[PDB]
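J.: Below are the structure tokens for one structure; questions will follow.
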Amino acid sequence: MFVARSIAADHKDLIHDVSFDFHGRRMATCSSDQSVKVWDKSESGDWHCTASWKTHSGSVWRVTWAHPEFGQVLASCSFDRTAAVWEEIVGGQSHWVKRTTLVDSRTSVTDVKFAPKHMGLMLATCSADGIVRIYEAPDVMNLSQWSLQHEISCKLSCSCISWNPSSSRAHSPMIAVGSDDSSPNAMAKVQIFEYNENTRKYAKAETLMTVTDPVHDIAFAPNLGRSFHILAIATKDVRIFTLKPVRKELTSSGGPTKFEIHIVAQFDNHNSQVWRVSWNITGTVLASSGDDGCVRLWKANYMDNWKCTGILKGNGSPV
Amino acid sequence: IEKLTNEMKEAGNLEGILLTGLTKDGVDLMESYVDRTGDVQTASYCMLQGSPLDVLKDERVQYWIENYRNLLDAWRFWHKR
Amino acid sequence: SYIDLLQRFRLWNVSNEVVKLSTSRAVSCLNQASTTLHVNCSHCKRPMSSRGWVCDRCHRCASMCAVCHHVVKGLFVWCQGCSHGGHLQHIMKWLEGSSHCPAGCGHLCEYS
Ligand SMILES: [Zn+2]
Ligand SMILES: [Zn+2]
Ligand SMILES: [Zn+2]
Ligand SMILES: [Zn+2]
């Protein structure tokens, strides 16, 4: 029940990543020539570029937005071992200005993500050496200053990370890390770290044993007040997992919360290496893209079972 | 009545509200319903209908209300919020 | 004399324009007599700085518009009754359509 259209946007080079703002009125796209462009939607519904500049010495992988409450902030990770933070200042032509650069990585910075709003202005970066670094800006009015708050070693090449968007008062912060190592040995590829208030340190909580193939993308789904967490894993086949916390005994509060892991959907319609996965706002529709040049939309049904609902092709031609 | 209430609660069907009422059992039934379908608008509007003060003090009800308000803010339906 | 005539005819913009561009020290200083307001966060009850929008102790955006739920940098309109307010145009447009405090306090800030 999904139809496609082509947006009249002109690009000269190959597009690596596209990202939306919170309200869905601003777009950020990174191209193959170390260039970043920002697009705005008019009241009529048309898109117009508003800024463009070159950022790093190496290739640019990912660019993401921050929450509007902190202003207009973009974060970009690059192959040249850097992660840059940009803020828009207008005096009206937009004039984006770099405010800070994080260079603590010893390998290529593979991915960068923003923390959920209710935890302040935090940022996370996973590198190729197996290191996840979490920074925080103590003052929201001075973005030029950042401090390295936490550092975690994964012993495997990190490839993607995702925060837990839950904002309940009973869920500790959670971050999940994937890997794309293709070692012949059968080793786990997805680990989850849960913050501990009693120690103020992140510790490993659960590791997905059933996942052994290289992983390219991992995505939590929006909580929306449910009683459990939904995770999506992109591999040779799209997989969906549900994690339910167990009732913590009041006798003693100890380490990480124990979880029950159940798989609820495993699709192999791409017949290739699935590359990207994403959720809608309500966490009820899953979008997946793989090497077959097709985009597939999955949704639940009356019987609470997962089945495909849409198939499209990269050219925009419907199937 | 006990058996019917239990089998309605475990399934999350909304017709069981008549049985449980706006109590903790109603909260559990509504939570199951939300888990099944992901609708918070109906839950938020229902739970405000003259519910006892203890019911409104539950964490889950307020979490649903906050999520709905955030959803309204996302679509820029400011006046309706 | 010119300022008095302008004020008699109720032309405030021209009067203030004359005052700003005046070549006399006294007339220039006429406009700066007790026109500075002091604001405090209602949560921590502490006074705020003059160049920031975040509470020093609360670490909260104390200047979030009641309608658009965004941080307000510039003009802020405030009601003396319910201690609520926000953007000038947002509040004006909202009060043109209803008669309730948009924060949902119950106060009829513009009675009838
Ligand atoms: Zn304060
Ligand atoms: Zn406003
Ligand atoms: Zn008020
Ligand atoms: Zn008032």
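Identifiers for the structure tokens are assigned positionally: chains receive A, B, ... in sequence, residues are indexed from 1 per chain, and ligands are indexed from 1 in the order shown.
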Mind checking which residues fall within 7 Å of residue 60 in chain A, counting only C-alpha atoms, ignoring those fewer than 3 positions away in the same chain, and posting them as a list in words?
T.: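 Once the nearby chain positions are removed, what remains is residues 30, 34, 77, 78 and 79 of chain A.
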J.: Select from chain C every residue with an atom at most 7 Å from any atom of ligand 4, then for each give the shortest pair of atoms and their distance in Å to one decimal, using only C-alpha atoms and all ligand atoms, rows by chain and rising number, as a tab-separated table.
T.:
```
residue	atom	partner	partner_atom_place_in_ligand_line	distance
C:79	CA	ligand 4	1 (Zn)	4.9
C:80	CA	ligand 4	1 (Zn)	6.0
C:81	CA	ligand 4	1 (Zn)	3.9
C:82	CA	ligand 4	1 (Zn)	3.7
C:83	CA	ligand 4	1 (Zn)	6.2
C:84	CA	ligand 4	1 (Zn)	6.3
C:101	CA	ligand 4	1 (Zn)	6.1
C:107	CA	ligand 4	1 (Zn)	5.4
C:108	CA	ligand 4	1 (Zn)	6.1
C:109	CA	ligand 4	1 (Zn)	3.6
```
J.: Excluding residue 8 in chain B and its own-chain neighbours fewer than 6 positions away, which residues fall within 10 Å of it when counting only C-alpha atoms? Please give them as a list in words.
T.: residues 2, 14, 15, 16, 17, 19, 20, 29 and 32 of chain B
J.: Which chains and residue numbers are within 8 Å of ligand 2, counting only C-alpha atoms and all ligand atoms, if I want them as a ChimeraX atom specification?
T.: /C:64-72,86-91
J.: Using only C-alpha atoms, select each residue of chain A with any atom at most 8 Å away from an atom of chain C, and give the selection as an NGL selection string.
T.: :A and (68-69 or 141)
J.: Output N, CA and C atoms for every residue in that selection, as a short mmCIF file (atom, residue, chain, number, x, y, z; two decimals), in the first residue's frame.
T.:
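selection26.cif, written as the output of this step:
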```
data_model
loop_
_atom_site.label_atom_id
_atom_site.label_comp_id
_atom_site.auth_asym_id
_atom_site.auth_seq_id
_atom_site.Cartn_x
_atom_site.Cartn_y
_atom_site.Cartn_z
N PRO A 68 16.26 19.60 18.93
CA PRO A 68 16.13 21.05 18.77
C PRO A 68 16.25 21.83 20.07
N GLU A 69 16.00 21.21 21.22
CA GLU A 69 16.09 21.93 22.48
C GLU A 69 17.48 22.51 22.70
N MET A 141 25.35 25.96 26.87
CA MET A 141 25.56 27.24 26.20
C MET A 141 26.98 27.40 25.68
#
```
J.: According to DSSP computed on the backbone, where in chain B is there alpha helix (DSSP H)? Give the residues as an MDAnalysis selection string.
T.: chainID B and resid 2:11 17:20 24:37 41:47 53:56 59:74
J.: Please provide the set of residues having any atom within 9 Å of range 11-13 of chain B, restricted to only C-alpha atoms, with same-chain residues fewer than 4 positions apart removed, written as a PyMOL selection string.
T.: chain B and resi 6-7+17+28-36
J.: Per residue of chain B within 9 Å of chain C, note the shortest atom pair and the distance in Å to one decimal, counting only C-alpha atoms, and order the rows by chain and increasing residue number, as CSV.
T.:
```
residue,atom,partner,partner_atom,distance
B:73,CA,C:69,CA,8.1
B:76,CA,C:68,CA,8.1
B:78,CA,C:68,CA,6.2
B:79,CA,C:67,CA,7.3
B:81,CA,C:67,CA,8.6
```
J.: Include N, CA and C atoms and write out the residues we just selected as a PDB file, in the first residue's frame.
T.:
```
ATOM      1  N   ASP B  73       3.649  17.058  19.940  1.00  0.00           N
ATOM      2  CA  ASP B  73       4.674  18.057  19.656  1.00  0.00           C
ATOM      3  C   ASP B  73       5.432  17.734  18.377  1.00  0.00           C
ATOM      4  N   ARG B  76       3.678  19.150  15.349  1.00  0.00           N
ATOM      5  CA  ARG B  76       3.421  20.585  15.448  1.00  0.00           C
ATOM      6  C   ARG B  76       1.928  20.884  15.534  1.00  0.00           C
ATOM      7  N   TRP B  78       0.347  22.170  17.964  1.00  0.00           N
ATOM      8  CA  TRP B  78       0.576  22.836  19.241  1.00  0.00           C
ATOM      9  C   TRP B  78      -0.731  23.192  19.935  1.00  0.00           C
ATOM     10  N   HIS B  79      -1.685  23.758  19.196  1.00  0.00           N
ATOM     11  CA  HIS B  79      -2.929  24.193  19.823  1.00  0.00           C
ATOM     12  C   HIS B  79      -3.702  23.015  20.399  1.00  0.00           C
ATOM     13  N   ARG B  81      -2.460  20.260  21.492  1.00  0.00           N
ATOM     14  CA  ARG B  81      -1.781  19.877  22.722  1.00  0.00           C
ATOM     15  C   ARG B  81      -2.190  20.782  23.873  1.00  0.00           C
TER      16      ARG B  81
END
```
J.: List every residue of range 76-263 of chain A that DSSP, applied to the backbone, labels as strand (DSSP E), and write the result as a compact mmCIF listing (two decimals) with N, CA, C and O atoms, in the first residue's frame.
T.:
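Listed below is the output, states-v4.txt:
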```txt
# COMPACT_ATOMS: atom_id res chain seq x y z
N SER A 76 29.26 14.84 12.72
CA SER A 76 29.74 14.11 11.55
C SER A 76 30.98 13.30 11.91
O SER A 76 31.92 13.85 12.49
N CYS A 77 30.98 12.02 11.57
CA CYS A 77 32.14 11.17 11.77
C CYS A 77 32.87 10.97 10.45
O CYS A 77 32.24 10.88 9.39
N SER A 78 34.19 10.88 10.51
CA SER A 78 34.98 10.77 9.29
C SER A 78 35.98 9.63 9.39
O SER A 78 36.35 9.18 10.47
N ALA A 83 35.80 13.29 14.67
CA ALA A 83 34.37 13.51 14.78
C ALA A 83 34.13 14.99 15.06
O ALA A 83 34.55 15.50 16.09
N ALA A 84 33.44 15.66 14.14
CA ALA A 84 33.27 17.10 14.23
C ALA A 84 31.84 17.46 14.62
O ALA A 84 30.89 16.75 14.27
N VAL A 85 31.70 18.56 15.35
CA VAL A 85 30.40 19.08 15.77
C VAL A 85 30.21 20.46 15.15
O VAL A 85 31.06 21.34 15.32
N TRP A 86 29.08 20.64 14.47
CA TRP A 86 28.79 21.88 13.75
C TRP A 86 27.52 22.51 14.30
O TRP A 86 26.56 21.81 14.62
N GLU A 87 27.53 23.83 14.41
CA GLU A 87 26.36 24.58 14.83
C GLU A 87 26.08 25.69 13.83
O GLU A 87 27.01 26.28 13.27
N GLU A 88 24.80 25.97 13.60
CA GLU A 88 24.39 26.99 12.65
C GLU A 88 24.27 28.34 13.35
O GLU A 88 23.63 28.46 14.39
N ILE A 89 24.90 29.35 12.76
CA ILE A 89 24.78 30.73 13.21
C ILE A 89 24.40 31.58 12.01
O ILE A 89 25.03 31.49 10.95
N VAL A 90 23.36 32.39 12.16
CA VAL A 90 22.83 33.21 11.08
C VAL A 90 22.79 34.66 11.53
O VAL A 90 22.48 34.95 12.69
N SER A 94 22.45 31.52 6.21
CA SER A 94 22.94 30.56 7.19
C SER A 94 24.46 30.44 7.08
O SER A 94 25.02 30.41 5.98
N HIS A 95 25.12 30.37 8.23
CA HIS A 95 26.58 30.29 8.30
C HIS A 95 26.95 29.23 9.33
O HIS A 95 27.07 29.52 10.52
N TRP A 96 27.11 27.99 8.86
CA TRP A 96 27.48 26.90 9.76
C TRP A 96 28.93 27.02 10.18
O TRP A 96 29.81 27.32 9.37
N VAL A 97 29.18 26.80 11.47
CA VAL A 97 30.50 26.96 12.06
C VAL A 97 30.85 25.70 12.83
O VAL A 97 30.04 25.22 13.64
N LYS A 98 32.04 25.16 12.59
CA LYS A 98 32.54 24.08 13.43
C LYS A 98 32.83 24.61 14.82
O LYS A 98 33.42 25.68 14.99
N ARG A 99 32.42 23.85 15.83
CA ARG A 99 32.64 24.25 17.21
C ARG A 99 33.65 23.38 17.95
O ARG A 99 34.34 23.89 18.83
N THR A 100 33.75 22.10 17.61
CA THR A 100 34.72 21.25 18.28
C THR A 100 35.00 20.02 17.43
O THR A 100 34.20 19.63 16.57
N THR A 101 36.14 19.40 17.71
CA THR A 101 36.59 18.20 17.02
C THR A 101 37.11 17.21 18.05
O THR A 101 37.92 17.58 18.91
N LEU A 102 36.66 15.97 17.95
CA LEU A 102 37.10 14.89 18.82
C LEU A 102 38.05 14.00 18.03
O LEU A 102 37.70 13.53 16.94
N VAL A 109 36.93 6.41 12.78
CA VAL A 109 35.70 6.53 13.55
C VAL A 109 34.57 5.99 12.69
O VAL A 109 34.20 6.59 11.68
N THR A 110 34.01 4.86 13.10
CA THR A 110 33.04 4.17 12.26
C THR A 110 31.64 4.74 12.39
O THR A 110 30.94 4.88 11.39
N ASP A 111 31.20 5.06 13.61
CA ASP A 111 29.85 5.58 13.75
C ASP A 111 29.76 6.55 14.91
O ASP A 111 30.55 6.48 15.86
N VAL A 112 28.77 7.44 14.84
CA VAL A 112 28.53 8.45 15.86
C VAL A 112 27.02 8.58 16.06
O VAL A 112 26.26 8.56 15.09
N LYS A 113 26.60 8.71 17.31
CA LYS A 113 25.18 8.83 17.64
C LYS A 113 25.00 9.81 18.79
O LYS A 113 25.92 10.06 19.58
N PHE A 114 23.80 10.37 18.88
CA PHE A 114 23.42 11.26 19.96
C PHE A 114 22.59 10.51 20.99
O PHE A 114 21.81 9.62 20.67
N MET A 122 24.65 14.29 25.46
CA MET A 122 25.72 13.31 25.39
C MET A 122 25.87 12.81 23.97
O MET A 122 24.96 12.90 23.15
N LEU A 123 27.05 12.27 23.68
CA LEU A 123 27.37 11.78 22.35
C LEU A 123 28.22 10.53 22.46
O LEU A 123 29.00 10.38 23.41
N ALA A 124 28.07 9.62 21.50
CA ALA A 124 28.78 8.35 21.52
C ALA A 124 29.41 8.10 20.17
O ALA A 124 28.82 8.39 19.13
N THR A 125 30.63 7.55 20.18
CA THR A 125 31.35 7.23 18.96
C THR A 125 31.96 5.85 19.08
O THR A 125 32.66 5.56 20.06
N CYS A 126 31.73 5.01 18.07
CA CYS A 126 32.37 3.70 18.00
C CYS A 126 33.39 3.71 16.87
O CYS A 126 33.09 4.17 15.76
N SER A 127 34.58 3.21 17.16
CA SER A 127 35.70 3.21 16.23
C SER A 127 35.98 1.80 15.74
O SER A 127 35.38 0.82 16.20
N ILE A 131 36.58 0.36 20.23
CA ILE A 131 36.45 1.29 21.34
C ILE A 131 35.20 2.13 21.13
O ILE A 131 34.98 2.68 20.05
N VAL A 132 34.39 2.22 22.18
CA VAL A 132 33.22 3.09 22.21
C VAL A 132 33.48 4.16 23.25
O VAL A 132 33.75 3.86 24.42
N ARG A 133 33.40 5.42 22.84
CA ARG A 133 33.69 6.55 23.70
C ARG A 133 32.43 7.39 23.85
O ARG A 133 31.77 7.70 22.86
N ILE A 134 32.12 7.75 25.09
CA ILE A 134 30.94 8.54 25.41
C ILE A 134 31.41 9.86 26.02
O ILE A 134 32.05 9.87 27.07
N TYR A 135 31.06 10.96 25.35
CA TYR A 135 31.39 12.31 25.77
C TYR A 135 30.13 13.04 26.21
O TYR A 135 29.01 12.72 25.80
N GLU A 136 30.33 14.07 27.03
CA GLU A 136 29.25 14.91 27.52
C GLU A 136 29.71 16.36 27.52
O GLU A 136 30.88 16.65 27.77
N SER A 147 34.02 16.73 27.44
CA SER A 147 34.83 15.88 28.30
C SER A 147 34.50 14.42 28.02
O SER A 147 33.34 14.05 27.88
N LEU A 148 35.54 13.59 27.96
CA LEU A 148 35.35 12.16 27.76
C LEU A 148 34.85 11.54 29.06
O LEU A 148 35.59 11.49 30.05
N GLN A 149 33.61 11.08 29.06
CA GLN A 149 33.02 10.54 30.27
C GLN A 149 33.28 9.05 30.43
O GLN A 149 33.64 8.60 31.52
N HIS A 150 33.10 8.28 29.37
CA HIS A 150 33.25 6.83 29.49
C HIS A 150 33.95 6.26 28.27
O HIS A 150 33.88 6.81 27.17
N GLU A 151 34.62 5.13 28.48
CA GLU A 151 35.31 4.42 27.41
C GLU A 151 35.14 2.93 27.63
O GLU A 151 35.38 2.43 28.74
N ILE A 152 34.73 2.22 26.59
CA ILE A 152 34.43 0.80 26.67
C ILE A 152 35.18 0.08 25.56
O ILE A 152 35.23 0.55 24.42
N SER A 153 35.76 -1.07 25.89
CA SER A 153 36.45 -1.92 24.94
C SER A 153 35.58 -3.13 24.62
O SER A 153 35.04 -3.76 25.53
N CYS A 158 34.08 -2.63 16.13
CA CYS A 158 32.76 -2.03 16.19
C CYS A 158 32.35 -1.53 14.81
O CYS A 158 33.19 -1.06 14.03
N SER A 159 31.06 -1.63 14.50
CA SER A 159 30.58 -1.23 13.19
C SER A 159 29.37 -0.31 13.29
O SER A 159 29.13 0.50 12.39
N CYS A 160 28.61 -0.42 14.37
CA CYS A 160 27.42 0.40 14.55
C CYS A 160 26.98 0.33 16.00
O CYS A 160 27.23 -0.66 16.70
N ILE A 161 26.34 1.41 16.46
CA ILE A 161 25.83 1.49 17.83
C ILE A 161 24.43 2.07 17.80
O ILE A 161 24.00 2.68 16.82
N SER A 162 23.71 1.88 18.90
CA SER A 162 22.38 2.45 19.04
C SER A 162 22.04 2.63 20.51
O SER A 162 22.29 1.74 21.33
N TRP A 163 21.46 3.78 20.83
CA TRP A 163 20.97 4.04 22.18
C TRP A 163 19.60 3.42 22.37
O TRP A 163 18.92 3.03 21.42
N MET A 174 20.80 2.37 28.19
CA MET A 174 21.28 1.19 27.50
C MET A 174 21.83 1.58 26.14
O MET A 174 21.28 2.44 25.46
N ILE A 175 22.92 0.92 25.76
CA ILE A 175 23.54 1.13 24.46
C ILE A 175 23.94 -0.23 23.91
O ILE A 175 24.45 -1.08 24.64
N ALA A 176 23.70 -0.44 22.62
CA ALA A 176 23.98 -1.71 21.97
C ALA A 176 24.97 -1.50 20.84
O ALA A 176 24.87 -0.53 20.08
N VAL A 177 25.93 -2.42 20.74
CA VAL A 177 27.04 -2.31 19.80
C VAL A 177 27.08 -3.57 18.94
O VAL A 177 26.94 -4.69 19.46
N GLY A 178 27.28 -3.39 17.64
CA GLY A 178 27.45 -4.49 16.71
C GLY A 178 28.89 -4.60 16.22
O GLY A 178 29.77 -3.83 16.58
N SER A 179 29.10 -5.60 15.37
CA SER A 179 30.41 -5.84 14.79
C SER A 179 30.24 -6.44 13.41
O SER A 179 29.21 -7.04 13.09
N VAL A 190 26.84 -9.22 18.90
CA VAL A 190 26.05 -8.13 19.46
C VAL A 190 26.10 -8.21 20.98
O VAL A 190 25.80 -9.26 21.56
N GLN A 191 26.49 -7.11 21.61
CA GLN A 191 26.57 -7.01 23.06
C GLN A 191 25.81 -5.78 23.51
O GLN A 191 25.66 -4.81 22.76
N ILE A 192 25.31 -5.82 24.75
CA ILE A 192 24.52 -4.74 25.30
C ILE A 192 25.13 -4.31 26.63
O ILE A 192 25.47 -5.16 27.46
N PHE A 193 25.27 -3.01 26.82
CA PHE A 193 25.83 -2.45 28.04
C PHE A 193 24.76 -1.62 28.74
O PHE A 193 24.12 -0.77 28.11
N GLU A 194 24.59 -1.86 30.03
CA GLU A 194 23.61 -1.15 30.84
C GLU A 194 24.33 -0.36 31.92
O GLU A 194 25.16 -0.90 32.64
N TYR A 195 24.02 0.93 32.00
CA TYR A 195 24.62 1.78 33.02
C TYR A 195 24.17 1.34 34.41
O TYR A 195 23.04 0.89 34.61
N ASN A 196 25.07 1.47 35.37
CA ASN A 196 24.79 1.13 36.76
C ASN A 196 24.94 2.39 37.60
O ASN A 196 26.02 3.00 37.63
N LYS A 201 29.29 3.20 36.23
CA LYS A 201 30.09 2.59 35.19
C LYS A 201 29.21 1.67 34.35
O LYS A 201 28.31 1.01 34.88
N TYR A 202 29.46 1.65 33.05
CA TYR A 202 28.74 0.75 32.16
C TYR A 202 29.33 -0.65 32.23
O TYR A 202 30.55 -0.83 32.28
N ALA A 203 28.45 -1.64 32.25
CA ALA A 203 28.86 -3.04 32.29
C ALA A 203 28.06 -3.84 31.27
O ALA A 203 26.91 -3.51 30.97
N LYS A 204 28.69 -4.88 30.74
CA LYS A 204 27.99 -5.76 29.82
C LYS A 204 26.84 -6.46 30.53
O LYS A 204 27.00 -6.97 31.64
N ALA A 205 25.68 -6.48 29.89
CA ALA A 205 24.49 -7.08 30.46
C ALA A 205 24.09 -8.35 29.73
O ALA A 205 23.96 -9.41 30.35
N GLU A 206 23.88 -8.28 28.42
CA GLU A 206 23.45 -9.44 27.65
C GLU A 206 24.17 -9.46 26.30
O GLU A 206 24.37 -8.42 25.68
N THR A 207 24.53 -10.66 25.86
CA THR A 207 25.21 -10.86 24.59
C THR A 207 24.39 -11.84 23.76
O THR A 207 24.01 -12.91 24.25
N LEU A 208 24.12 -11.47 22.51
CA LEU A 208 23.28 -12.29 21.64
C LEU A 208 24.10 -13.45 21.09
O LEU A 208 24.91 -13.27 20.18
N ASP A 217 24.11 -3.31 10.72
CA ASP A 217 23.27 -2.28 11.29
C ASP A 217 22.44 -2.86 12.43
O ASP A 217 22.02 -4.02 12.39
N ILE A 218 22.21 -2.03 13.44
CA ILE A 218 21.41 -2.40 14.61
C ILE A 218 20.59 -1.19 15.02
O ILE A 218 21.08 -0.06 15.00
N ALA A 219 19.33 -1.43 15.38
CA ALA A 219 18.43 -0.31 15.67
C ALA A 219 17.43 -0.70 16.74
O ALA A 219 16.68 -1.67 16.57
N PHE A 220 17.41 0.05 17.84
CA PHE A 220 16.33 -0.07 18.80
C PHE A 220 15.05 0.54 18.24
O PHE A 220 15.08 1.40 17.36
N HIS A 229 11.51 -4.18 25.19
CA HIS A 229 12.30 -3.47 24.20
C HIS A 229 12.38 -4.29 22.92
O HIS A 229 12.46 -5.52 22.97
N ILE A 230 12.35 -3.61 21.78
CA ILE A 230 12.40 -4.24 20.47
C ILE A 230 13.69 -3.84 19.78
O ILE A 230 14.02 -2.65 19.72
N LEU A 231 14.41 -4.82 19.25
CA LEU A 231 15.68 -4.59 18.59
C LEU A 231 15.65 -5.19 17.20
O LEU A 231 15.07 -6.26 17.00
N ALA A 232 16.27 -4.51 16.24
CA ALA A 232 16.35 -4.98 14.87
C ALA A 232 17.81 -5.12 14.47
O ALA A 232 18.60 -4.20 14.67
N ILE A 233 18.15 -6.28 13.90
CA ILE A 233 19.51 -6.61 13.51
C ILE A 233 19.54 -6.88 12.02
O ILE A 233 18.72 -7.65 11.50
N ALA A 234 20.49 -6.26 11.32
CA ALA A 234 20.67 -6.43 9.89
C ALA A 234 21.88 -7.31 9.64
O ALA A 234 23.00 -6.98 10.05
N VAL A 238 17.20 -10.29 7.94
CA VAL A 238 16.72 -9.34 8.93
C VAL A 238 16.17 -10.10 10.13
O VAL A 238 15.38 -11.03 9.97
N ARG A 239 16.58 -9.70 11.33
CA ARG A 239 16.12 -10.36 12.54
C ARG A 239 15.55 -9.35 13.52
O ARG A 239 16.01 -8.21 13.59
N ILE A 240 14.53 -9.77 14.27
CA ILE A 240 13.89 -8.92 15.27
C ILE A 240 13.88 -9.66 16.60
O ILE A 240 13.50 -10.83 16.66
N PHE A 241 14.28 -8.97 17.66
CA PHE A 241 14.36 -9.55 18.99
C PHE A 241 13.55 -8.70 19.96
O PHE A 241 13.41 -7.49 19.79
N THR A 242 13.04 -9.36 21.00
CA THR A 242 12.31 -8.69 22.07
C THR A 242 12.96 -9.04 23.40
O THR A 242 13.20 -10.22 23.69
N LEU A 243 13.25 -8.02 24.20
CA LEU A 243 13.89 -8.19 25.49
C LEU A 243 12.94 -7.71 26.57
O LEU A 243 12.46 -6.57 26.54
N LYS A 244 12.66 -8.58 27.54
CA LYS A 244 11.76 -8.25 28.63
C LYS A 244 12.51 -8.33 29.95
O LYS A 244 13.09 -9.38 30.27
N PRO A 245 12.54 -7.26 30.74
CA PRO A 245 13.19 -7.32 32.05
C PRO A 245 12.46 -8.27 32.98
O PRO A 245 11.24 -8.44 32.90
N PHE A 259 17.50 -10.47 31.60
CA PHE A 259 16.56 -10.29 30.51
C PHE A 259 16.16 -11.63 29.93
O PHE A 259 16.89 -12.62 30.04
N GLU A 260 15.00 -11.65 29.29
CA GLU A 260 14.53 -12.80 28.53
C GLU A 260 14.56 -12.43 27.05
O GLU A 260 13.97 -11.42 26.65
N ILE A 261 15.25 -13.23 26.25
CA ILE A 261 15.46 -12.94 24.84
C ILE A 261 14.61 -13.90 24.01
O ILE A 261 14.69 -15.12 24.19
N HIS A 262 13.80 -13.34 23.12
CA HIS A 262 12.99 -14.14 22.21
C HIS A 262 13.01 -13.50 20.84
O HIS A 262 12.85 -12.28 20.71
N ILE A 263 13.19 -14.32 19.82
CA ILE A 263 13.13 -13.86 18.44
C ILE A 263 11.69 -13.95 17.97
O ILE A 263 11.01 -14.95 18.21
```
J.: For chain B, which residue among A:104, A:21, A:10, A:237 is the nearest when counting only C-alpha atoms?
T.: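 Between A:104, A:21, A:10, A:237, the residue approaching chain B most closely is A:21.
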J.: If the cut-off is 8 Å, can you tell me the residues of chain A near chain B, counting only C-alpha atoms? I'd like them as a list in words.
T.: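 Per the criterion, chain A yields residues 22, 23, 168, 224, 225, 226, 227, 282, 284 and 304 of chain A.
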